[PDB]
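*Asks:* let's see this in three dimensions:
(6 chains, ligands or ions: 6)
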Amino acid sequence: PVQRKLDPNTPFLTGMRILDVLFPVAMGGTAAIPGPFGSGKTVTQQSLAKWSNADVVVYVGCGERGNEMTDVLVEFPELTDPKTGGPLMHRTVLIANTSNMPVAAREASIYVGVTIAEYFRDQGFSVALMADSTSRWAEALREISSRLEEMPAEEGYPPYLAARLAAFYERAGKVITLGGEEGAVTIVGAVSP
Amino acid sequence: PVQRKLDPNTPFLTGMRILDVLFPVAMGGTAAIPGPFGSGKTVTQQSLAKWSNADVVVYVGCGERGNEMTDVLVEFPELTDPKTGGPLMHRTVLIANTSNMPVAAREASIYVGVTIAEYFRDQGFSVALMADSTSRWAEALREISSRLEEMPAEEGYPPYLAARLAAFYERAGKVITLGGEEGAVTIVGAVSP
Amino acid sequence: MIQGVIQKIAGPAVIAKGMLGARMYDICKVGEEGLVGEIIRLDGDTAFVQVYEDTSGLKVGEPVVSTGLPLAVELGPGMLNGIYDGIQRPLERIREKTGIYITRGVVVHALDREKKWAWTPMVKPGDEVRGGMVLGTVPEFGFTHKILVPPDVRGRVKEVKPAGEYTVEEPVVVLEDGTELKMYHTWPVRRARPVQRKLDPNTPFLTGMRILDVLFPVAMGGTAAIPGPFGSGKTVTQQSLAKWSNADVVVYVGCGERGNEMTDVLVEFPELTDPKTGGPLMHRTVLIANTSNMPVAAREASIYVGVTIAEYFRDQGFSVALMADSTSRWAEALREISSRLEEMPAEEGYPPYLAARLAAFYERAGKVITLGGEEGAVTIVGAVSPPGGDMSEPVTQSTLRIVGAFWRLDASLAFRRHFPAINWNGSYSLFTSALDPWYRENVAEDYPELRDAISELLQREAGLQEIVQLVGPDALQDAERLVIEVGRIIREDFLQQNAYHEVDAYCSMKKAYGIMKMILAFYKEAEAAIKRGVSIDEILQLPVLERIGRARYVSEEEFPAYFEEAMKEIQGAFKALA
Amino acid sequence: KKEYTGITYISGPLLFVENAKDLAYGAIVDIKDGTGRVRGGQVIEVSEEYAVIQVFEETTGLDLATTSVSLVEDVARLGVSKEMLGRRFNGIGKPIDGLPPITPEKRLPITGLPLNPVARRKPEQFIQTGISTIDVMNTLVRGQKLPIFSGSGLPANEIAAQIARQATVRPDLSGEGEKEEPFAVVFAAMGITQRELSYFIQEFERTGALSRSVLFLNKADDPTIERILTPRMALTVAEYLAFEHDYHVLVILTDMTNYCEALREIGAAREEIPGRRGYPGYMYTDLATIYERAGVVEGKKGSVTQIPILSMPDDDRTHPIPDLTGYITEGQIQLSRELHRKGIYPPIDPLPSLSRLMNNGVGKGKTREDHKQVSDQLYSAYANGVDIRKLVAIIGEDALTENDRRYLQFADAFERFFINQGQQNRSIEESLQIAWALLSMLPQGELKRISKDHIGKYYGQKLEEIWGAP
Amino acid sequence: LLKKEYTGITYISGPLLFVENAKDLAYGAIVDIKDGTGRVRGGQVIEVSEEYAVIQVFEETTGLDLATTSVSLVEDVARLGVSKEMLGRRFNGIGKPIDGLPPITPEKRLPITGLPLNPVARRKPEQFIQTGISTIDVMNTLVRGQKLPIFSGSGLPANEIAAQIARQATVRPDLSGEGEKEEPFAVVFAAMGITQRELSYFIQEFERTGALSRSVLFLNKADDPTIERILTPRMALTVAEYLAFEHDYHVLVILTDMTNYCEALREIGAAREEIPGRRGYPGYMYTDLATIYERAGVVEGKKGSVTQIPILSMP
Amino acid sequence: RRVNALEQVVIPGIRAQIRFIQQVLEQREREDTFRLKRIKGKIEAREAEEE
Ligand SMILES: Nc1ncnc2c1ncn2[C@@H]1O[C@H](COP(=O)(O)OP(=O)(O)OP(=O)(O)O)[C@@H](O)[C@H]1O
Ligand SMILES: Nc1ncnc2c1ncn2[C@@H]1O[C@H](COP(=O)(O)OP(=O)(O)OP(=O)(O)O)[C@@H](O)[C@H]1O
Ligand SMILES: Nc1ncnc2c1ncn2[C@@H]1O[C@H](COP(=O)(O)OP(=O)(O)O)[C@@H](O)[C@H]1O
Ligand SMILES: [Mg+2]
Ligand SMILES: [Mg+2]
Ligand SMILES: [Mg+2]
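*Replies:* Numbers count the residues shown, from 1 in each chain, chains lettered A, B, ... in the order given. Ligands and ions are numbered 1, 2, ... in the order given. Below, you will see the structure:
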C-alpha cells in the first residue's frame, strides 16, 4: 500500500545518448524494449544497471542464459557505482532463474523481484527494475494452462495474459510512502518476439 | 402453393443507372449486395424502396440499427408514390428487429417477411422484398448452436445454414397464382462479411 | 484363431466384441462376405477393425475372424511376368473368374497353386541350415529361381525330396525339428529383410541415356529422384530405363494414377523386347498397378510390396532397379489415411511422420552382401510431381534430404523439342567422385578430366546470357561467338537424344567418350585457328563440323573406325584453310 | 411389415431408434407420423442399443410418441430400362414429367464396382462437338474425362446445353465409313435453381434433343442426400446402357462444386473432423469413384465419356476442388472472363486449355491428317500475337516490323472468326477450312510446324466464307 | 533385485498403452514390454494415477495383445554406464556398440537428463581456440566453453566444414601464456538421422585422419526408431560432461543436424495430443532445446571444459 | 534501371508477403482443428456419464 501517487517529473538518466535525448523515460515510467535475437537487449539493460542514477538496481534474470548471470556476478565487484564510490555490487540484487531450471519457477521470480523492489521503494530510495524477458513468463503461463486443459485464446496463450501483464506493470510509479517519504520504481521489460 | 412458374421477361426498374443498365435484375429474380461497413448497402436498399416500380414493398430490418427504421418511419409519410400518387407509406410494410432486441427472433422476422411477401403475391401484385442483413441470421444460428453443443461446420456456423439460405431465396419468382392471376416477388439481400 | 461378432458399424469403422487375444495390426476377415481390414486399437474385450472396402449391407451379429498375421506377401516362384495390385492380388486371374468388374470379397492367391516346377535339390540329409542359405534351384524363363530358407529359420536337414515336378504348396525339405519348408514363404511388408553387411557403391547404373550417365550419374545401389511440373517427359524416361538398363529384374510400381495411364503401360509393355536376350520384356518385370478408385489402404501399401519384392530378388543375388511412379500420390493417400484417424496435421495437411516414412522407403536401397554370401543391389528411382512446380513442397523437401541424385526437368526444353528436358544447371549428383576409378579403369584413362572440361564449356555458355539478352547473338567477338556456337552444338548433338532409333537409344560409354573427344578437339582447333586470325563465318561453315552430328548414328561395333577416321579428318581441314 | 416405435431422440436432421438391430447399415427407411406424412431416411450408424437415421427434408411434425419407422430397402437400387430415353427424373428415380413410371428390366445398386485395369483399352476415336476451339485444338476422345473450368458469371450452362444438343459421332471418317452408331446423352444437374431448370427443359424440348437423352435434375431446395445420390444414378444408367446395348453415351455433370459442398455438409452432420480448408479428408477418393467410371472396355463396342463442369470459387486454381480434379482428369478447358466481357461466345481461352489424349484421336483413318500441325501452328501464332498486341499500345504500330503487324492482324481475326461462332454447328471440315483460311494470311515459310505437302494443298484460301454470317 | 511384472493391460491405441494396478510405478521410469513371441520393446511412463498408468512405446506396437503382454520395471531413472575407455569406440545412439567390440564395463552410472549448473559455480569463458579457418578465428573467434552453431543450407557443405574443424582443432597455449603445457583434447561426435553415404564418409574421414583414437561416435541412422534420435544428444553430452569434469579433458561436441531432432520431437509430441505452436512444433521446444545447449561451459575450480558446435540447416 | 529495380526489389517482397500470409492462415486452420477435436471429445464423454 501507498498514500498517494505523483506525476513523474524528473528524468531517469540511463547514460545512452539516443535513449536520454530522443526517447526519454521519467522516474516512475515504464519502458519496453523488443527485438530479435542478437539485437542488444541484454547489453542495454546491463549498461542501464551499470551507469544509471538509481539508488538500488534489481535485476530479474527470467528464463535466460547462465553466462549472462556469471558475467554480472564476476565483473560487478570490480566496478564503482557513480554516486557513492563503493563497489557496484553493493547496490544490486539479482534474481536468477535460467532456462534449464524448472519452468514453473519463472512465474514466481517476477513477483519476487517486483515485491523486493517495492520494499526498497518504501524506504525512500529510487529503484530501477530490469526484467530480462517476459515472453518466457508467457511461455510458462501457456504451459500451466495446457496442463490445466484450458481453452487458449491466441498462439496457445491463456486469455488472461494481458491482465497479468497489466498487473505487473502497474506496480511502478512515483509515490508518497506510508511513512511520509518519496519513492519511485521504474520498470524496463524486454520482449523477445 | 402456386400453380405454375414463368420465365423472367420484365425488368425491375430501380432508378439507379449502374444497376438498371449494366447489371439488370428481372421481375422474378434475386440479387445480393455484399460489402464492408460504410459502403452504402442501406442507402441503396432505401433508394430501391423509394424509387422502384413495385406495387408493394416489404422491408425487413434483421439485426440493424433503430435509427434507420426511425428515418423510414418519419420520412416516408412525407413522400409521394411514383405511380399511385399518394403517400409512400401506404404501400410499405416494415418489420423491425434491432440489434439490442432478443437474438432468437431474427429468423422469425425473416420468415414473417417472406410469408407476408408471398401473401401479397397471391393477390396479383408485384412485391419487392428487402433484407437488411442476412449475416445476422447466421450469427443468431451460431449463437443458438453454441448452446445446443452441436458439431459446427466451417467458421463455427451450423451445418444446415446453406439449406436454410437456399430455401429462403427459392421462394421468389414470377408465378401463376391459384386464382389465375399473375404476381411476382423479387428479393434483394445484403451481406455483411 | 480368435472369433468375434460385430457390435457397431459406422462407415468404414467396425467395432467387434469377443476378440480377446487378437493382436495389433492383424488382418481380419469381416462379415460373411469376406471383407478385410486391419486392427488399429484394442480395448478391453473389444477390437476396433477398419475395413478396406465398402461396408454397406452389413449387419450387427455377423462373425469376424482374425487371420493372426499382419500384412504380408508371398515370395516364391511365379512372381515374374505378373500383374498385381497394392496388396498382391493377381489381376489376370481375377478378370478370368469375375469379368470386367472387381467384386468385393473376391478370393485369390498370389502364387498359382496348380503349376508344376522342375525341382533340383542342392542339399543332403544331415546338412546344417541357417537363414539365407540355398535349398535348391528351379528354372523360370531365363533365370534359376533359388529356393531359399526363410531368414528366421535354422536347424538341421532331415529329409529331402528327390528331383521331380511339384507345386509351391508341397514341402520339399523337412527339418529334424518338424519344420516343413515349401518353395515359398511370407514376410511382413513393413519390416526390412536382414543382410550380412552393406557395401559402398562404386559401380555405375548404366541408364543408357547420355546426359544422365555422363553428367549426373547414379551408382549401383544408389537412389535418385526426378521431379517436374506437369508433362515434362517423366514416363518416357522411366520406361526407357526399364528397357535399356543393365538391371536383371525391373519392378514397376504405379501408385494411384489415372486409368488411361495405367492402360498405356499395361498394353504397350507386352509388345517390347528385352535387349539382353531378345525375348519379351515382361519376362523379367513385375508390375504393381493401382488406379485412383482402388482402396486407399492398397494405394498406401503399394510401395512397400514392391520394395519387399525387390529385396527378395536382391537376396537371390541379382541386381534390381525399382521405379516408383508419382510418390506424391502415395503421400496424398497417406494424408487421407491420417485424416481418417483424426491426427493433428503438420505443414500443408500432411501427417507429421511423412519424412520418417520417406526415409524408411529410401533406406532399403544399397549394395549389400547377402546372407547367402553373394552380392546384390537395389536401385530406386522415384518420380515426384509438385502441384504448381514449386520445389518447396514438403514431399519434395523431404525427398531431397536423402536422395543422392536429383534430376530436375522443365517443359521449356520440351517446347524446343529438346529431349530429355533435364535442367543441367539445377541438377546434381553426389556419386561422381566414387565412380571415377571405374571409368578410368574400364572406359578411358582421361574420361573425368575431359568430362570436367565439357562441364566447364557448358558453364561458360551460361555466363554470356546476360550479354545476348541485350545485344544480339551475332554482334559478339570471336572468343564469345565461338563458345556460343560450340555450346549450341553440344546442346543439339550431345545433350539431346532420341530412343526410337537403333544406334542412338542405347549409348555405350566408349561412344560418348568418342563424341566428347571430337567436340573438344573441334573446339581446340577452332580456338587455335582463331588465334592465327580467320573469319568466324568460315568456322561456322567447315565440313568437318558435320562429322560431330553424324557420329551418333554409327553402329556400336562400327564406331572405332569412324572415330579414328574423324580424328584424322579433323587434323586436315583446320590447318590449311584457316 | 415390421415397424419400430422406440424413438428416443430427435434433433435437427438425426433421430435415434432403439431395438433396431435388424436394420442393415446404409438401408433406406420410411418415417411415418400421426398426420399421415411419409418421409425417407438412411441409416448411418447401427449399434446394439440403438440405430441412427438421417432424415430427408425437415423434421417439423415429428414427435416421440407417435412416430414409427419401417424398412424399405437394404441397398439403394435403381430400376433401369431402355425406355428411360426421353424421361426426366428428380434425382432418386421419381419421374417429374407427368408420365407414369417405367417397368424395370433390372434393378442395380448405385454404388459402383471398380473396373479391372487389365480389361480396359486405349481410347482412339473422337467425338465431334460442333465447337471449333474444342474439335480442332482440344479434341475430345471417346473414353476421356475432360472437365470445364468456369467462373461465377461465365455461361457454363449455355455451353453445356449447346454441347449436349450438337454432339455426335462421325463414323464416315472412321475408315471406309463403318455403319450406324447408337448415341445417347445422360444429363445430370445438381443444385440448380428454377431459372436454370426452365431453361434446360425448354432447350431440350425445342429441337428434339430430348428424344435421345435422360435428364437427372436436382433443384437447390431439394434435400442434399439426393444431390449426393444423383451422379451415381446417372453413371449407373450410363454404364448399363454402354456395356449392355453398345451405346456411345456422353455424361455431363453440371456443377461439381455443389456436390463438394453437399459432401461437406453431410460430413459435418455425421461429426467427422474436416481436412484441408474444412473439406472432408476423403474427398479425393469420393471424387475418384465418380470420374473413374468412364472409359472403354476391351471386347465391347460401347463407351462412356464425361464432361464435368465446375466453377472455381474465387477464380483460384489452388482451391481443393479444381486441384484434385486436375490429378484425376486428363486435361481441362478454361473459360476466360476477358473474352466474355469483349462479346465473344463461347469464351474459351485456348492458351490455358489442354487435352492430354488428343494425339491418340487425331490423324488419318479417323480424321484428316493435317490436324496436329494445324493446331500447333495456330497455338504458336496466337501466343505470339497476344504479346505483340500488348507491346503495340506502348511502342506504337509504326514502330513494328511487317511480320509483327501480320501477327497483330492474325490475333484479332482469329478471335473474331474462329472463336466467336455463336449458335453455329460446325463440322470438323468447316473448322479446318476456317483454320486454313486464317493461316493463309501468314506468309509461307512462317509456318514452321507444318509439312510442305499440306502447305502445297491447303494454303492460300480467302477468309470471306465465314464472313458472310459470323 | 528380483523383478515384478504387470499383466493388467486394458487399452492399446497408437503409441500408448494403459496398465492397470500400477501404483508402484514411478514417474518417468523405464519399462520393458514383452509379448507372446518373447520380443522386448522399450517404453517410458509419462502419466501415473490411482486407476492406471500410461506408457508410451519406443517403437511400433505391432504384435501386442491384451492377453499375453507383460510389463516389467527396468529402472526408475534412465542411466548410462560411462568409462574412460570409451575413447575410440562407436555407439548407435542408445549406448550399445556397433563396431563388433566387446561391451565396456561401467565405472559409474549417471542420469542422462543431467542437472542444471549453479550460476555461482560457473566462470567466464576466456580462452581462444584455433579452428584452422581464417574467417572464424579473426572476426568471429571461438572461445573455449562457447556454444557456437552453424547456420547451413540445403545444398551447402556444412559436414565438410565440421569435419575440417574436428581435424584441425587445437588449443594453442602460447599467446596468452596459459600453462604452456601439452594438454589432452577429445571430440565427441553425435549424428541424428544420418544416411548411409554420410555415415561412410564420416567414418572414412575419421579413420584417414587418425582422430578416431581420441573420439567417441554416437551415430544414429535414419531408419532407426525415432526415440533413439531423441536420446542421442543427451548421452553424448553425458559422456562429455563426465570426461571434462572428472578427468580434466577439453572435449568438443559436434551435433550433426538439429533439424532431424526437431522433426522427431514434433512427431513424438503430436502423438500425445498437445497444443501445437508456431508451425506445428510443440510449444515447449524452447525448454527442450535449452536443456541440451546449457550443458556446456566451464566450472570454477576445475580444469576441463565443454564446447558445442551444433550444425543445422535453414529450410 | 527499371527492369533491374523491379526484378531485384518488387518481386521478392511480394513473395515473402505471400509466404507469411500462407503461414498465418495454416496456423489458424490448425487451431480450429484442435478446437473441433476437443469438443468432439467432450460430446463423446457426455454420453458415458450413466451409460
Ligand atoms: N551497445 C553495444 N555496443 C557494442 N556492442 C554491442 C552493443 N549492443 C550489442 N552489442 C553486440 O551485439 C551482441 C548482442 O548481444 P545481447 O546479449 O545484448 O543481445 P540480445 O538481443 O539480448 O540477445 P538474446 O535475444 O539472444 O538474449 C553483443 O554480444 C555485442 O557483441
Ligand atoms: N448513393 C449514395 N449517395 C450518397 N452518399 C452515399 C450513398 N451511399 C452511401 N452514402 C454515404 O455513405 C454512408 C454509408 O452508410 P450506410 O448506412 O449506407 O452503410 P452500410 O453499408 O449499409 O453499412 P452497415 O454495415 O453499417 O449497415 C451513408 O451514410 C452516406 O453518408
Ligand atoms: N528420349 C526421348 N526420345 C523421344 N521422345 C521423348 C524422349 N523423352 C521425352 N520425349 C517426348 O516427350 C513427351 C513427354 O510425354 P510424357 O512422358 O507422357 O510426359 P509426362 O509423363 O511428363 O506427362 C513424349 O511424347 C515423348 O515423345
Ligand atoms: Mg539476452
Ligand atoms: Mg447500413
Ligand atoms: Mg507420367
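*Asks:* from here on, just use CA atoms for contacts and neighbour counts.
*Replies:* Will do.
*Asks:* do stretch D:199-206 and chain B meet at all?
*Replies:* No - using C-alpha under 8 Å from any C-alpha of the partner chain, we find that stretch D:199-206 stays clear of chain B, coming within 8.5 Å at best.
*Asks:* quick one: that stretch to chain centroid distance?
*Replies:* 18 Å (C-alpha atoms, centre = their mean, to the nearest Å).
*Asks:* same deal with stretch A:70-86?
*Replies:* The chain centroid and the centroid of stretch A:70-86 are separated by 19 Å, computed with C-alpha atoms, centre = their mean.
*Asks:* can you point out the buried residues in it?
*Replies:* Using 16 or more other C-alpha atoms under 10 Å in any protein chain shown as the burial criterion, the residues of stretch A:70-86 that qualify are A:70, A:73, A:76, A:80, A:81.
*Asks:* which of the residues you listed sits closest to residue D:11?
*Replies:* Using C-alpha to C-alpha, residue A:70 is the member of those that sits closest to residue D:11, with 66.0 Å.
*Asks:* please name the residues that touch residue A:155.
*Replies:* E:277, E:278 (C-alpha atoms under 8 Å, 6 or more residues apart in numbering or on different chains).
*Asks:* distance of it relative to chain B?
*Replies:* Between residue A:155 and chain B the computed distance is 18 Å (C-alpha to the nearest C-alpha, to the nearest Å).
*Asks:* contacts only, for residue 144.
*Replies:* Since no chain was named, I'll use chain A. Residue A:144 neighbours (C-alpha under 8 Å, 6+ apart): residue A:104.
*Asks:* should've been chain D
*Replies:* Residues in contact with residue D:144 (C-alpha under 8 Å, 6+ apart) are D:123, D:294, D:295, D:305, D:306, D:330, D:357.
*Asks:* kindly recompute the last result at 7 Å.
*Replies:* Residue D:144 makes contacts with D:295, D:305, D:306, as judged by C-alpha atoms under 7 Å, 6 or more residues apart in numbering or on different chains.
*Asks:* smallest gap between chain F and ligand 3, at which residue?
*Replies:* residue F:15 (27.3 Å; C-alpha to the nearest ligand atom).
*Asks:* tell me how far the strand or helix carrying that residue is from the chain's mean position?
*Replies:* With elements taken from DSSP states H and E, the one containing residue F:15 is helix F:11-46. The chain centroid and the centroid of helix F:11-46 are separated by 4 Å under C-alpha atoms, centre = their mean.
*Asks:* buried residues, it. List them.
*Replies:* Of the residues in helix F:11-46, those buried (16+ other C-alpha under 10 Å) are F:23, F:26, F:27, F:29, F:30, F:31, F:32, F:33, F:34, F:36, F:37, F:40.
*Asks:* do the same with stretch D:374-392
*Replies:* Those would be D:374, D:375, D:377, D:378, D:381, D:382, D:384, D:385, D:388, D:389, D:392, for stretch D:374-392 by 16+ other C-alpha under 10 Å.
*Asks:* A helix includes the first one, no?
*Replies:* Put plainly, it is residue D:374. Yes - checked against DSSP: H, G, I helix; E, B strand; the rest coil, residue D:374 lies within a helix.
*Asks:* please name the nearest non-neighbouring residue to it.
*Replies:* The shortest distance from residue D:374 to any non-neighbouring residue, by C-alpha to C-alpha, 6 or more residues apart in numbering or on different chains, is to residue D:450 (6.8 Å).
*Asks:* correct me, but the one you found touches residue D:373?
*Replies:* Yes - counting by C-alpha atoms under 7 Å, residue D:450 touches residue D:373, with 5.2 Å between them.
*Asks:* quick one: name the residues of the stretch 101-250 of chain D near chain C.
*Replies:* By C-alpha under 7 Å from any C-alpha of the partner chain, the part of the stretch 101-250 of chain D that sits against chain C consists of D:113, D:114, D:115, D:116, D:117, D:118, D:119, D:120, D:121, D:122.
*Asks:* same thing but at 6 Å, please
*Replies:* Residues of the stretch 101-250 of chain D lying near chain C by C-alpha under 6 Å from any C-alpha of the partner chain: D:113, D:114, D:115, D:116, D:119.
*Asks:* generate a PyMOL selection restricted to the buried subset of those.
*Replies:* The command below creates a PyMOL selection of those among these that count as buried (16+ other C-alpha under 10 Å):
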select buried, chain D and resi 113+114+115+116+119
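*Asks:* just flag the most distant two among the residues of the stretch 101-250 of chain D next to chain C.
*Replies:* Taking C-alpha to C-alpha as the measure, those reach their widest spread between D:113 and D:119, a distance of 13.3 Å.
*Asks:* and the helix or strand where residue D:17 lies, which strands flank it?
*Replies:* Assigned by DSSP H and E, residue D:17 belongs to strand D:14-18. Partners of strand D:14-18 in the sheet, by DSSP bridges, are strand D:7-11 (antiparallel), strand D:50-55 (antiparallel).
*Asks:* which of these sits most buried?
*Replies:* By mean neighbour count, with neighbours taken as mean count of other C-alpha atoms under 10 Å in any protein chain shown, strand D:50-55 ranks first of those at a mean of 22.
*Asks:* next SSE after that one?
*Replies:* Trace forward from strand D:50-55 with DSSP H and E and the next one is strand D:68-73.
*Asks:* what's in contact with the following helix or strand past that next one?
*Replies:* Once the chain leaves strand D:68-73, the next helix or strand it forms, by DSSP H and E, is strand D:77-80. Here strand D:77-80 makes contact (C-alpha atoms under 6 Å, 6 or more residues apart in numbering or on different chains) with D:104, D:106, D:107, D:108, D:109, D:110.
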